[PDB]
Structures are given as C-alpha cells and as structure tokens.
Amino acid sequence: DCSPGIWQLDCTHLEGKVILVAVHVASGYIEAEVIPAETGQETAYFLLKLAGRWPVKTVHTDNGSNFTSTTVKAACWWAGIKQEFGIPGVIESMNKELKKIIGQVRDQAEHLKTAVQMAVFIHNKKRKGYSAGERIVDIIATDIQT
C-alpha cells in the first residue's frame, strides 16, 4: 500500500520466545520486540509505543484473533487506530528476511533480543536506492505537507 498510516503486526516464534514485528507497509521499515509469550496485553503495550512514535492510522495482521482482546481494543481506541480492512502482501518475505538476518547474526550475541535488534538495524539501514529507514521518514514527512 501507498498509504503512510498502514502498519502490519505479527508475532514469530524463535527459541521458545516471541518476536513481535511491526512493518510499515509503504516503506518496509521494521520495529520489533522480544516478548515472553503472545498476549493481548503485550500487543496492546507495543501498539501504544508504536502510535506515540509514528502516525499510525490502521493496523493489519495475518492472524486476526491477535486483536480480539479488550486490552488491544483499548489501546487502539485511545490512540485512534482502526483495523485495516484493505490488503486482500510482500510482508511475508519481509518477516522471513528478518528471520534470515537474525540467523546470520545470532551466534554473535548471547541473547536473542540482541540479535533481533541487530537484525532490525541491518534491515532498516540496507540500501535498495534508499533504505527502509530513509523511506519511512520521507513518506511521513511528505504526507505532513500534503
């Protein structure tokens, strides 16, 4: 999607832990956190953080049941977020890409969470020809003036 307020949120499992990954659909920019286990409360907390940093309008997921909890609904209500009911998705390979980079760097760090943030850094800085990190700020900045 071209729309700059659209994010996708999904969890992946690795080493008995959970990685919550948010992808800015228009740019391919990622933010991630390692959490103990998938819970509504953790998703809610993550969304509050994301919304305070970026202009989040709509969120999508590959697992709709992710957003059924009261806590998630509360966070979306307060921050003014809707569920995205478009996207009938390059975000699959985006997540597998991340899991690849994590694999490449994993032995360099003790903790998974360290490897994850290393992988997010690599992903967001990598040039394509701008990086995801540059594309997100450009898209959002532009949209402010539009």
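One rule holds for the numbers: they count along the sequence shown, beginning at 1.
Gap between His13 and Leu14: none; every deposited residue in this span has coordinates.
In the deposited sequence, the stretch from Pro88 to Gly89 hides 4 to 9 residues that have no coordinates. Two stretches are in play, 47-55 and 31-39, and the higher mean C-alpha B-factor belongs to 31-39. Checked against the record, the higher mean CA B factor of 90-98 and 106-114 lies with 90-98. Among the modelled residues of its chain, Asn63 has a C-alpha B-factor that falls in the lowest third, as given in the PDB entry. Sorting the modelled residues of the chain by their CA temperature factor places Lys125 in the middle third. When all modelled residues of the chain are sorted by CA temperature factor, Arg135 is found within the middle third.
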